[PDB]
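What follows is one chain in structure tokens, specifically the form deposited in one PDB entry.
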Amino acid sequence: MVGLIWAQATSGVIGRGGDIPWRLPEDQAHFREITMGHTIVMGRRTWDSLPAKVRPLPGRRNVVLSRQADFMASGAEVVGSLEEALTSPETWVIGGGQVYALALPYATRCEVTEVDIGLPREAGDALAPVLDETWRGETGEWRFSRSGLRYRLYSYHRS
């Protein structure tokens, strides 16, 4: 079970300036809920952008993809090929752009959060992985977060 999880604006933007371009505590809780107790897979650059205080993300098997054999990722494990990361009974790829792309052909599930905000793509923006017509699933109802930011959840799957 290889899966991809991400949160995007409507336009497909999932990150800008090194930041998630919105505040959505319901997304963080959603993310935790899907991935808790399973393996998470991230690129080295993504681990590098998490505060030392927060990494590894707790209650989950943290795997970090890197070419550097000497890479220090305390509390996590480091693998040097996509094949080796995607082993466990249930894996969620959590970022970033290179790892999303890399892992796409192996994915049979996506969990997405679409956030109702109009952010036309700009050069440099991190972008959601592109879903083709092989996918099927549920595009859920719009929902107001506590702050009044609107978001909805996709739950898609394939062979």
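Start at 1 and count along the sequence shown; that's the residue number. What we label the rigid core is the largest C-alpha set whose atoms superpose within 1.5 Å from one form to the other.
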property	result
Higher-B stretch (mean Cα B-factor, as the entry records it), 123 to 131 or 106 to 114	123 to 131
Average Cα temperature factor in the PDB entry - higher stretch of 66 to 74, 40 to 48	66 to 74
Chain thirds of CA B-factor: placement of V2	middle
Lowest, middle or highest third - CA B-factor, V99	highest
Chain-relative CA temperature factor third for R32	highest
Chain thirds of CA B-factor: placement of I20	lowest
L149, C-alpha B-factor rank within chain (lowest, middle or highest third)	highest
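Although not depicted, the form deposited in another entry is the subject of the following passage.
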query	finding
Core superposition between the shown form and the other one, C-alpha change of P105 at least 2 Å	no
Core fit, then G37 C-alpha moves 2 Å or more between the shown form and the other one	no
Per-residue C-alpha change between the shown form and the other one, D132, threshold 2 Å, rigid core fit	no
